[PDB]
Amino acid sequence: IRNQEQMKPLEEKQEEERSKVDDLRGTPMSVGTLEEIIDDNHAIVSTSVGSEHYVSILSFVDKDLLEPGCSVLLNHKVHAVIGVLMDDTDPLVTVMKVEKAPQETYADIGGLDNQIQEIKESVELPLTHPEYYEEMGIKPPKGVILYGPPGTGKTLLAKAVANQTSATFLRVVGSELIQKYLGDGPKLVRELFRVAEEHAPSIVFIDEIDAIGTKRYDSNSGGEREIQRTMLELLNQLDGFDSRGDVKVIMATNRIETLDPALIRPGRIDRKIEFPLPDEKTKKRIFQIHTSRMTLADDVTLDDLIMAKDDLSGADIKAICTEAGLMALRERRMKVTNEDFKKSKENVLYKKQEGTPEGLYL
Amino acid sequence: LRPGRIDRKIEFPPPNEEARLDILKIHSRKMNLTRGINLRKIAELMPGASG
Amino acid sequence: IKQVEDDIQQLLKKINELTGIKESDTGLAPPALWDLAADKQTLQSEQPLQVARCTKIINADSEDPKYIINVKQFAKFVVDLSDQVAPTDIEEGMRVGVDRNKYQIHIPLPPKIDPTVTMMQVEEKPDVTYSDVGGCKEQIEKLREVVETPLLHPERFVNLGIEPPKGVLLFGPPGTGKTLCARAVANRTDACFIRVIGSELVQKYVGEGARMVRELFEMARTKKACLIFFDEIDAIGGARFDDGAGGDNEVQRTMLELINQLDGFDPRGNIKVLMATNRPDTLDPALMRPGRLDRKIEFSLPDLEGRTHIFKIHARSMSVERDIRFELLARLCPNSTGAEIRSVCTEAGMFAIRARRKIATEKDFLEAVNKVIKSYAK
């Protein structure tokens, strides 16, 4: 009954309002742009029509949804605001894909275990535990650096981590920020930061660059100016605003001794993560998972191929199997033999080396 | 060059005497000329040279 | 339940506005809407400009009564008798006044010393106050005297007949509290902190760069009492004397343009400039020279006692057991600036968290030094 009472005057009032908007809404409706916001009940507008008319805003749309430089709808002869335009373009920034929860996990690699705890404690752990950060009173590191011969576990570990962590992953290719155009490169780094802030919490994966390698002793040079001009703005963004979790940074570089200590800045980055070289046991572990996928046979001697191997990371190993698997496929058999493994192990050995040895230190 | 950012990298052979004979044949099917010519001789006349 | 109420809210506002638009529609009207983000009991009647947008321009003058001032590509039309009252201040255009170009057209409001259009970061008051003081201690003492004191007690300086500097310079590594210090005074001093990134000002096409420098200064003048924070000016700060060799000229033009405004006819006003360099050496003698740059405020290797104050700041958040003393360790530890001193502490809390303890320990501290000593050397 209380409802009925509100309802009796309301229904008509409800219709009347809809009639009133329709009068404004009436075709056509021209897009135009709000130049700037003059807070003493004014604003600057640029019209590509002709007439402009200073109006009071409707109550559906407010000025709190108006931003400077925004697109809005104007009528073509009473030039008034029906609504703000709701059609926005593509992020124009440098190469990015955003992905929520990727397929892969970190249970597939093995024997690498220690490194895996390091990223764990930094990134994953505060999300899991508020109050452990409160006791200590501090943030886990803003960002980490993963360093090794290009992604054989660096790349693997990142993919895995995004699923775990359950926030948006954005992967940016850093070389692509470099442009030989005066405006372009700086605009991009500032758009990259802009994009982060909206999507927060978010993970930033920075793929290695050439441009983080050079600082010299000048702060800018008559050489390629842009690479350092850009390098600086990376720093300004970082040392201007610290995140505990709003942005998490994964940085990647082939060698970290290329980097600059300016770039690190202690108290943002405290963690430097190093992939050990191939260690003999590890090779067998990594392998056992790769063979499982594939056909296997009772004439395979798993150790013998691993033993024959020395200083080869998981990628070549993943590769050997794939190569061999192709040979088999040509034979139109799904049975694997020793022979297959031998030719593939030889091809990859042939290609990496032509050097001479520095051993025999005994 | 870092492996697994690679799959197959395939050689393309530098041309040869057998090869040259049959490209010449393909080309000839575009234009009209005499019948009773020995083309076999003609490829041989050629040293090495591109397709 | 909520819905009934929301519908009633649209409708009541609509009826009053429809009457007002019908009325405003007659005789036409300025740029096209009202946005409020101040108060309605303070309303300006001077509005910013550098070009004159006109839409009607109704006025009172004898030589004609609806005079116009444009410069626009199509309709650059102007007064029919020079310098006769036209805009009605900022009536029917909201920035109608005068054109920078000139056609001997009336000026009720200037094309310079205005905020106009911008791309700016203005950053309302911070929250930080003391967070690395101890060796940042000297830098604080001087910065207050230069920036704060003239604004607090100007009347005193006049009696003496002394005028305070216009700019101070910051150097050493950023994010060590060199950076913090500028925000920490900005919050205390209560004057707008305006952040311009010099590197951004750099543009793809010439003359634009100068234009920007100029715009900044016009806004700066209007507001009197403001701080211009220049982030790592060296991009368009000095290095350079070589006089071009291929677009080392374009960046040099900006550097020279700034000098003109500083050394020029303007005067200081209540405007303060904070400059940020890596090593000050880079910068050119013109940038260094008195009659713009006078005080250079420095950073330093922090004394032992100092380190302790920083640690003291940190120890309020961090659960501790005080029966051990960090200063003894600190003498043994590498001498390093403020940022490493906070970082070792921060590292210390983690070890606890793994240990499954809630209070600090003597044990944690030993560990931190080995990593940190490694981290500078990469």
# chains A, B, ... in the order shown; residues from 1 in each chain; ligands from 1
$ interface_residues --of "chain A" --to "chain B" --cutoff "10 Å" --atoms "only C-alpha atoms" --output "NGL selection string"
:A and (149-152 or 313-320 or 322-323 or 348 or 351-352)
$ residues_around --residues "residue A:276" --least-positions-apart "4" --cutoff "12 Å" --atoms "only C-alpha atoms" --output "list in words"
residues 111, 112, 113, 114, 115, 146, 147, 148, 149, 152, 153, 154, 280, 282, 311, 312 and 313 of chain A
$ residues_around --residues "residue A:349" --least-positions-apart "5" --cutoff "10 Å" --atoms "only C-alpha atoms" --output "PyMOL selection string"
chain A and resi 309-310+312+316+343-344+354
$ write_last_selection --atoms "C-alpha atoms" --output "PDB file, in the first residue's frame"
ATOM      1  CA  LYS A 309      74.180 -33.223 -22.951  1.00  0.00           C
ATOM      2  CA  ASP A 310      76.109 -30.424 -21.148  1.00  0.00           C
ATOM      3  CA  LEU A 312      71.801 -26.878 -22.508  1.00  0.00           C
ATOM      4  CA  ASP A 316      66.751 -26.716 -26.453  1.00  0.00           C
ATOM      5  CA  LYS A 343      70.134 -36.988 -34.976  1.00  0.00           C
ATOM      6  CA  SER A 344      68.331 -34.166 -33.168  1.00  0.00           C
ATOM      7  CA  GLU A 354      82.496 -23.469 -33.347  1.00  0.00           C
TER       8      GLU A 354
END
$ residues_around --residues "residue C:222" --least-positions-apart "4" --cutoff "9 Å" --atoms "only C-alpha atoms" --output "CSV table (one decimal) with N, CA and C atoms, in the first residue's frame"
chain,number,residue,atom,x,y,z
C,113,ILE,N,49.8,37.1,-19.9
C,113,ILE,CA,49.6,37.0,-18.4
C,113,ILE,C,48.2,36.4,-18.2
C,114,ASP,N,48.0,35.2,-18.8
C,114,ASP,CA,46.7,34.6,-18.7
C,114,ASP,C,47.1,33.1,-18.6
C,115,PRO,N,46.2,32.3,-18.0
C,115,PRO,CA,46.4,30.8,-18.0
C,115,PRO,C,46.1,30.2,-19.3
C,217,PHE,N,54.9,31.0,-18.4
C,217,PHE,CA,55.3,32.2,-17.7
C,217,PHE,C,54.1,33.1,-17.5
C,218,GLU,N,53.2,33.2,-18.6
C,218,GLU,CA,52.0,34.1,-18.5
C,218,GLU,C,51.0,33.7,-17.4
$ residues_around --residues "residue C:206" --least-positions-apart "3" --cutoff "10 Å" --atoms "only C-alpha atoms" --output "list in words"
residues 202, 203, 209, 210, 211, 247, 250, 251, 253 and 254 of chain C
$ select_by_dssp --residues "chain B" --states "helix (DSSP H, G or I)" --output "MDAnalysis selection string"
chainID B and resid 17:28 39:45
$ residues_around --residues "stretch 36-51 of chain B" --least-positions-apart "5" --cutoff "9 Å" --atoms "only C-alpha atoms" --output "count of residues only"
11
$ select_by_dssp --residues "stretch 43-290 of chain C" --states "strand (DSSP E or B)" --output "JSON, numbers by chain"
{"C": [121, 122, 123, 167, 168, 169, 170, 192, 193, 194, 195, 196, 197, 226, 227, 228, 229, 230, 231, 272, 273, 274, 275, 276]}
$ write_last_selection --atoms "C-alpha atoms" --output "PDB file, in the first residue's frame"
ATOM      1  CA  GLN C 121      50.185  19.329 -14.022  1.00  0.00           C
ATOM      2  CA  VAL C 122      49.178  21.259 -11.036  1.00  0.00           C
ATOM      3  CA  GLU C 123      49.272  19.143  -7.967  1.00  0.00           C
ATOM      4  CA  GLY C 167      65.326  29.989  -8.067  1.00  0.00           C
ATOM      5  CA  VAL C 168      67.093  27.262  -6.187  1.00  0.00           C
ATOM      6  CA  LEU C 169      68.802  24.143  -7.619  1.00  0.00           C
ATOM      7  CA  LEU C 170      68.644  20.534  -6.482  1.00  0.00           C
ATOM      8  CA  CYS C 192      50.458  25.820  -5.716  1.00  0.00           C
ATOM      9  CA  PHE C 193      53.070  23.338  -6.795  1.00  0.00           C
ATOM     10  CA  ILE C 194      53.169  23.269 -10.575  1.00  0.00           C
ATOM     11  CA  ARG C 195      54.959  20.356 -12.129  1.00  0.00           C
ATOM     12  CA  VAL C 196      56.255  20.642 -15.598  1.00  0.00           C
ATOM     13  CA  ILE C 197      58.264  17.803 -17.184  1.00  0.00           C
ATOM     14  CA  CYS C 226      53.545  29.704  -7.135  1.00  0.00           C
ATOM     15  CA  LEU C 227      56.352  27.136  -7.406  1.00  0.00           C
ATOM     16  CA  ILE C 228      57.492  25.861 -10.845  1.00  0.00           C
ATOM     17  CA  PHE C 229      59.015  22.380 -10.285  1.00  0.00           C
ATOM     18  CA  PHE C 230      61.161  21.475 -13.344  1.00  0.00           C
ATOM     19  CA  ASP C 231      61.694  17.719 -13.586  1.00  0.00           C
ATOM     20  CA  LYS C 272      59.644  30.424  -7.009  1.00  0.00           C
ATOM     21  CA  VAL C 273      61.565  27.987  -9.295  1.00  0.00           C
ATOM     22  CA  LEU C 274      62.950  24.634  -8.214  1.00  0.00           C
ATOM     23  CA  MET C 275      65.303  23.096 -10.719  1.00  0.00           C
ATOM     24  CA  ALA C 276      66.353  19.470 -10.808  1.00  0.00           C
TER      25      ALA C 276
END
$ closest_residue --among "C:309, C:316, C:354, C:56" --to "residue C:86" --atoms "only C-alpha atoms"
C:56
$ residues_around --residues "stretch 195-200 of chain A" --least-positions-apart "5" --cutoff "9 Å" --atoms "only C-alpha atoms" --output "list in words"
residues 91, 93, 167, 168, 170, 190, 245, 246 and 247 of chain A
$ write_last_selection --atoms "N, CA and C atoms" --output "compact mmCIF listing (two decimals), in the first residue's frame"
# COMPACT_ATOMS: atom_id res chain seq x y z
N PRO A 91 43.13 1.93 -27.27
CA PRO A 91 44.33 2.37 -26.66
C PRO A 91 45.35 2.51 -27.80
N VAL A 93 48.54 3.26 -27.64
CA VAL A 93 49.86 3.08 -27.05
C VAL A 93 50.50 1.87 -27.74
N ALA A 167 45.06 -10.89 -11.31
CA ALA A 167 44.85 -9.53 -11.63
C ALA A 167 45.12 -9.47 -13.08
N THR A 168 45.00 -8.25 -13.73
CA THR A 168 45.22 -8.04 -15.17
C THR A 168 46.76 -8.10 -15.34
N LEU A 170 49.51 -7.05 -18.22
CA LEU A 170 49.82 -6.35 -19.42
C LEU A 170 51.31 -6.51 -19.72
N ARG A 190 54.40 8.08 -21.49
CA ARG A 190 53.33 8.69 -20.68
C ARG A 190 52.00 8.03 -20.92
N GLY A 245 51.16 -2.40 -4.86
CA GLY A 245 50.35 -3.49 -5.48
C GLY A 245 49.54 -2.91 -6.59
N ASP A 246 49.50 -1.54 -6.73
CA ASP A 246 48.72 -0.92 -7.72
C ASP A 246 49.33 -1.20 -9.03
N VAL A 247 50.67 -1.12 -9.13
CA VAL A 247 51.37 -1.60 -10.24
C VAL A 247 52.42 -2.51 -9.67
$ closest_residue --among "C:148, C:347, C:63, C:294" --to "chain A" --atoms "only C-alpha atoms"
C:347
$ decode --residues "stretch 104-120 of chain C" --atoms "N, CA, C and O atoms" --output "PDB file, in the first residue's frame"
ATOM      1  N   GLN C 104      44.843  46.416 -34.505  1.00  0.00           N
ATOM      2  CA  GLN C 104      44.436  47.679 -33.889  1.00  0.00           C
ATOM      3  C   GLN C 104      43.007  47.600 -33.529  1.00  0.00           C
ATOM      4  O   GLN C 104      42.039  48.058 -34.078  1.00  0.00           O
ATOM      5  N   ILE C 105      42.886  46.691 -32.522  1.00  0.00           N
ATOM      6  CA  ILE C 105      41.615  46.260 -31.950  1.00  0.00           C
ATOM      7  C   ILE C 105      41.772  46.348 -30.453  1.00  0.00           C
ATOM      8  O   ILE C 105      42.872  46.101 -29.919  1.00  0.00           O
ATOM      9  N   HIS C 106      40.617  46.737 -29.875  1.00  0.00           N
ATOM     10  CA  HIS C 106      40.466  47.070 -28.503  1.00  0.00           C
ATOM     11  C   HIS C 106      40.799  45.950 -27.529  1.00  0.00           C
ATOM     12  O   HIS C 106      40.492  44.819 -27.815  1.00  0.00           O
ATOM     13  N   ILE C 107      41.392  46.348 -26.415  1.00  0.00           N
ATOM     14  CA  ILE C 107      41.995  45.470 -25.392  1.00  0.00           C
ATOM     15  C   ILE C 107      41.273  45.872 -24.112  1.00  0.00           C
ATOM     16  O   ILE C 107      41.585  46.922 -23.591  1.00  0.00           O
ATOM     17  N   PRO C 108      40.262  45.103 -23.685  1.00  0.00           N
ATOM     18  CA  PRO C 108      39.785  45.273 -22.285  1.00  0.00           C
ATOM     19  C   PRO C 108      40.546  44.239 -21.463  1.00  0.00           C
ATOM     20  O   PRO C 108      40.617  44.382 -20.249  1.00  0.00           O
ATOM     21  N   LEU C 109      41.108  43.174 -22.070  1.00  0.00           N
ATOM     22  CA  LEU C 109      41.771  42.103 -21.353  1.00  0.00           C
ATOM     23  C   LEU C 109      42.921  41.614 -22.185  1.00  0.00           C
ATOM     24  O   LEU C 109      42.723  41.636 -23.433  1.00  0.00           O
ATOM     25  N   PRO C 110      44.141  41.191 -21.678  1.00  0.00           N
ATOM     26  CA  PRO C 110      45.364  41.207 -22.449  1.00  0.00           C
ATOM     27  C   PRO C 110      45.475  39.887 -23.058  1.00  0.00           C
ATOM     28  O   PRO C 110      44.868  38.978 -22.551  1.00  0.00           O
ATOM     29  N   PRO C 111      46.353  39.721 -24.135  1.00  0.00           N
ATOM     30  CA  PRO C 111      46.640  38.427 -24.706  1.00  0.00           C
ATOM     31  C   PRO C 111      47.883  37.810 -24.034  1.00  0.00           C
ATOM     32  O   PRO C 111      48.433  36.793 -24.522  1.00  0.00           O
ATOM     33  N   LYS C 112      48.345  38.372 -22.868  1.00  0.00           N
ATOM     34  CA  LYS C 112      49.466  37.814 -22.211  1.00  0.00           C
ATOM     35  C   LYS C 112      49.280  38.022 -20.746  1.00  0.00           C
ATOM     36  O   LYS C 112      48.724  39.015 -20.338  1.00  0.00           O
ATOM     37  N   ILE C 113      49.808  37.077 -19.895  1.00  0.00           N
ATOM     38  CA  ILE C 113      49.621  37.049 -18.374  1.00  0.00           C
ATOM     39  C   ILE C 113      48.219  36.439 -18.198  1.00  0.00           C
ATOM     40  O   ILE C 113      47.402  37.040 -17.519  1.00  0.00           O
ATOM     41  N   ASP C 114      48.014  35.246 -18.828  1.00  0.00           N
ATOM     42  CA  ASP C 114      46.731  34.586 -18.676  1.00  0.00           C
ATOM     43  C   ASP C 114      47.051  33.093 -18.600  1.00  0.00           C
ATOM     44  O   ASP C 114      48.138  32.717 -19.073  1.00  0.00           O
ATOM     45  N   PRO C 115      46.176  32.281 -17.984  1.00  0.00           N
ATOM     46  CA  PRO C 115      46.388  30.812 -17.972  1.00  0.00           C
ATOM     47  C   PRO C 115      46.081  30.214 -19.286  1.00  0.00           C
ATOM     48  O   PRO C 115      46.843  29.276 -19.588  1.00  0.00           O
ATOM     49  N   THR C 116      45.110  30.760 -20.054  1.00  0.00           N
ATOM     50  CA  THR C 116      44.758  30.361 -21.443  1.00  0.00           C
ATOM     51  C   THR C 116      44.504  28.795 -21.611  1.00  0.00           C
ATOM     52  O   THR C 116      44.168  28.145 -20.627  1.00  0.00           O
ATOM     53  N   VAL C 117      44.798  28.145 -22.801  1.00  0.00           N
ATOM     54  CA  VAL C 117      44.811  26.763 -22.875  1.00  0.00           C
ATOM     55  C   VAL C 117      46.116  26.218 -22.369  1.00  0.00           C
ATOM     56  O   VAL C 117      47.118  26.886 -22.563  1.00  0.00           O
ATOM     57  N   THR C 118      46.156  25.057 -21.740  1.00  0.00           N
ATOM     58  CA  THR C 118      47.399  24.499 -21.248  1.00  0.00           C
ATOM     59  C   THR C 118      47.428  22.985 -21.294  1.00  0.00           C
ATOM     60  O   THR C 118      46.440  22.250 -21.295  1.00  0.00           O
ATOM     61  N   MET C 119      48.644  22.536 -21.123  1.00  0.00           N
ATOM     62  CA  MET C 119      48.920  21.165 -20.783  1.00  0.00           C
ATOM     63  C   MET C 119      49.929  21.327 -19.657  1.00  0.00           C
ATOM     64  O   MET C 119      51.086  21.875 -19.813  1.00  0.00           O
ATOM     65  N   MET C 120      49.405  20.995 -18.465  1.00  0.00           N
ATOM     66  CA  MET C 120      49.927  21.281 -17.188  1.00  0.00           C
ATOM     67  C   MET C 120      49.606  20.230 -16.166  1.00  0.00           C
ATOM     68  O   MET C 120      48.495  19.646 -16.232  1.00  0.00           O
TER      69      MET C 120
END
